[PDB]
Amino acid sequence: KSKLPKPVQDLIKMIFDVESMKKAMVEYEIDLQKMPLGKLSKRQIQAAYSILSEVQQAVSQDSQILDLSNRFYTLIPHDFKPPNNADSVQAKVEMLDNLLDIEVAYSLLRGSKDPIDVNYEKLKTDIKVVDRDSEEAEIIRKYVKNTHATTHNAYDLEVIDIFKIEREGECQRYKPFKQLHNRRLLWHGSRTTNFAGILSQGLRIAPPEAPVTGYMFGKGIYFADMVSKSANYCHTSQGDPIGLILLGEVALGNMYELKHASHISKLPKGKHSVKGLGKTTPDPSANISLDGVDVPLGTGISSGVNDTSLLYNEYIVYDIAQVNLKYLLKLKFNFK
């Protein structure tokens, strides 16, 4: 019998759900016999990324293009006829990203005591419940409620549980950025099946093999100041309407503000982050400070920037150590 609070136990079961991993694979139409959950390998996936890079290049740039599409399907077996377009190549990339974390999740799970407590320990994260009556819960609730975008109206968000999280070794890694100017509490959403990898390894940057297309500001860690922009990356459906979103303290420092896409390979010297300027910004006057970190929880208003490719802000760091994960929210998506 696990001594852990029931919301923490429910979180572990949700993270380490094999049925969820298998369901995701069934939806991606992967052959579960030719490519079972336990046989997905990093080497196979990284090599598939490379073929998708050799593919997106031919589309950007027919015997050798079919031979590249066919060599990909040989590498990542599917069961269908097998279906140009960088958006389809980016879908395969995202599938491979989900497949990797699905592999990590299964790897931890498979690789005396209650299975819930044993699986908790594999996450190397200290997970505590934030009380509904606390000042932190109130601030977090206000942040969810106010930063829901007017354009994003496919669902309503409801906070189920708020967890305070301490990833093992992240405190040590963060130390150089601890006193940096412009530290902000920002959103990061992901598929529930990715949270085993995120808690055990932290938020990561896409490998060099992975195609850069899709990464507007290049390969880094992306954050939003509007909950609905990050909540979309949960990919919640009416079927599975419960998602997980992070609140991270991000050491932005001096921001390289951009109004359009730019594949950052090296920031301008003296700059520590990119801020993609959006048309709508959370009201800066309502900006509060939760334990010395800026919390942009104001309601969505015009930033004045009409000359931009973005509707809402996004923040990107290019060093994993600039992120200190603080909270994990369990959100109910109530679709309209």
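In this text, the rigid core denotes the largest set of C-alpha atoms whose superposition between the two forms falls within 1.5 Å. Note that residue numbering begins at 1 and tracks the sequence as displayed.
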Report task. Find the stretch among 296-304 and 52-60 with the larger RMS C-alpha deviation in 4 other deposited structures of this protein, all structures being superposed on the shown form by the rigid core. Result -> 52-60
Report task. Would you say which of 98-106 and 222-230 moves more relative to the shown form in 4 other deposited structures of this protein, going by RMS C-alpha distance with the core superposed? Result -> 98-106
Report summary line: Between residue 239 and residue 240, the number of deposited residues left without coordinates comes to none
Requested in this report: On mean C-alpha B-factor from the PDB entry, just flag whether 149-157 or 229-237 is the higher one.
Outcome: 149-157
Requested in this report: Mind pulling up the entry and telling me whether 316-324 or 13-21 has the higher mean Cα temperature factor?
Outcome: 13-21
**Report entry** Out of 139, 196, 89, 247, residue topping the C-alpha B-factor column of the entry
**Finding:** 89
Query raised in the report: Taking the values straight from the PDB record, which of 274, 305, 26, 297 has the highest C-alpha temperature factor?
Result: 305
**Report entry** Ranked C-alpha temperature factor of residue 202 among modelled chain residues, by third
**Finding:** lowest
Query raised in the report: Considering only modelled residues of the same chain, in which third does the CA B-factor of residue 213 rank: lowest, middle or highest?
Result: middle
Query raised in the report: Going by what the PDB entry lists, where does residue 166 fall on CA B-factor within its chain: lowest, middle or highest third?
Result: lowest
Requested in this report: Using the B-factors in the PDB entry, rank residue 223's C-alpha atom against the chain and give the third, lowest, middle or highest.
Outcome: lowest
Query - Lowest, middle or highest third - CA B-factor, residue 332 - result: lowest
